[PDB]
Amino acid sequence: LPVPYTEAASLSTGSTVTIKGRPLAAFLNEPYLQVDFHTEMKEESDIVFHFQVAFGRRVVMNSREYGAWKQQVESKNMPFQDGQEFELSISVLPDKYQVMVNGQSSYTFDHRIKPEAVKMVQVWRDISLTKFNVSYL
């Protein structure tokens, strides 16, 4: 898939976003991955859920509300493996997003804005992408 990858989407409780891909560099070179749930089709729109992996180092999550970044949450959990593909699954729960990596629950992020505000998902920075799927149950 082309990266940056953009897909229109709608989310509610029970939605799952599944991303499958590979970093474009060895962890020694510190590639990044960014997944942004946007409120409008435009890249400059607000971000309900920002998920940013510094491969081999940390994860930060945040929201961008009326143009401004809010309270950053950091996690040093690093289930991604150097030089390997990954399967990333982001589930919408009533109270939070749950982020699974390779089948393992790894991060969560409480809703700051209703997920029904999402209109677009963008996946970008230093990855190649083989699948992107949004599914509802």
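We number the residues from 1 along the sequence you see.
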{"query": "Between the two ranges 63-71 and 28-36, the one averaging a larger CA B factor in the entry", "finding": "63-71"}
{"query": "Between the two ranges 82-90 and 44-52, the one averaging a larger CA B factor in the entry", "finding": "82-90"}
{"query": "B-factor third for the C-alpha atom of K76 within its chain", "finding": "highest"}
{"query": "Within-chain third of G14 by Cα B-factor, per the entry", "finding": "highest"}
{"query": "Third of chain Cα B-factors occupied by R57", "finding": "middle"}
